[PDB]
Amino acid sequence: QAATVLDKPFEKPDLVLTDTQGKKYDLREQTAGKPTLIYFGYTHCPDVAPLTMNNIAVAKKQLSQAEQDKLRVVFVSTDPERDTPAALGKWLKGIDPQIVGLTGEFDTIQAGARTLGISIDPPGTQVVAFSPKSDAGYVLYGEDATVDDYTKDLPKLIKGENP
């Protein structure tokens, strides 16, 4: 299976970053009680960033618009010097306009990623799913995950069930 299900789920990082509208976005508050998928990467990546987002987006498109509206797919930029709020927003809008894009100080972002076992250097686990039941990071996906894996697993992730 692509999914690694954690017996000891991670805390959602306490990130307060800038969203694509230039507004302060408290990750924990904004996504509280919502199935949330987080990815750290950068919009100038021609491979992993756009493929991961597109895999999730295509999977998400299978769901009813009501279930889609429950999900929070969060892209946290690792390259804030290019991924300004509005630049990040433009790039995401061409994949799915519901994806939340967060940008801010690299040190803050790197530290937040570390609390999920994810190592980011300036330009392993790729995506962490957070359960709506606990807000804890209970499933990890790596680069090997395909559109088919996310398609199969998203309805379970939405409910906080094991995939």
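We number the residues from 1 along the sequence you see.
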- Task: Note how many residues of the deposited chain are left out of the model between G33 and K34; the options are none, 1 to 3, 4 to 9, and 10 or more.
- Result: none
- Task: Mind pulling up the entry and telling me whether 72-80 or 88-96 has the higher mean Cα temperature factor?
- Result: 88-96
- Task: Would you mind comparing 113-121 and 34-42 for me and telling me which has the higher average C-alpha temperature factor in the entry?
- Result: 113-121
- Looking at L63, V128, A57, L27, which has the highest CA B-factor as recorded? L63
- Message: How does the C-alpha B factor of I158 compare with the rest of the chain: lowest, middle or highest third?
- Response: middle
- Item | Chain third (lowest, middle, highest) by recorded CA B-factor, residue given as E11 | middle
- Message: Quick check for you: using the entry's CA B-factors within this chain, is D19 in the lowest, middle or highest third?
- Response: lowest
